[PDB]
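Just one chain is shown here, as structure tokens, and it is the form deposited in one PDB entry.
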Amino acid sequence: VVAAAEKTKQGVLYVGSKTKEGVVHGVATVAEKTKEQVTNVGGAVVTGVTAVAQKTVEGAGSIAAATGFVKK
């Protein structure tokens, strides 16, 4: 999971949301009468009503992420 970025040197953005009665669920794990319930999160979870990302990563960025799960 190696990540790299490099940069060498030598506009109206509008988002509009009009809502009412808005219900949002992200990662949901609903269960009844179980034995093992594991919720492993290691990435990027974004929840909301107006999830807006504007003009991100102007220069160099690295989001190197690694997750794992071992069961024996």
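Throughout, we count residues from 1 along the sequence that is shown. Just so we're on the same page, rigid core means the largest C-alpha set that superposes within 1.5 Å between forms.
Keep in mind that the form deposited in another entry is not shown, yet the notes after this line are about it.
Comparing the forms between the shown form and the other one, the C-alpha position of residue 55 differs by 2 angstroms or more, with the core used for superposition. Core-superposed comparison between the shown form and the other one: the C-alpha position of residue 64 differs by no less than 2 Å. Residue 16 shows a C-alpha shift of 2 Å or greater between the shown form and the other one [criterion: core-superposed Cα displacement of 2 Å]. Distance between the C-alpha atoms of residue 43 and residue 64: longer by at least 3 Å in the other form than in the displayed form. Shown here is a form in which the CA atoms of residue 43 and residue 60 lie at least 3 Å farther apart than they do in the other form.
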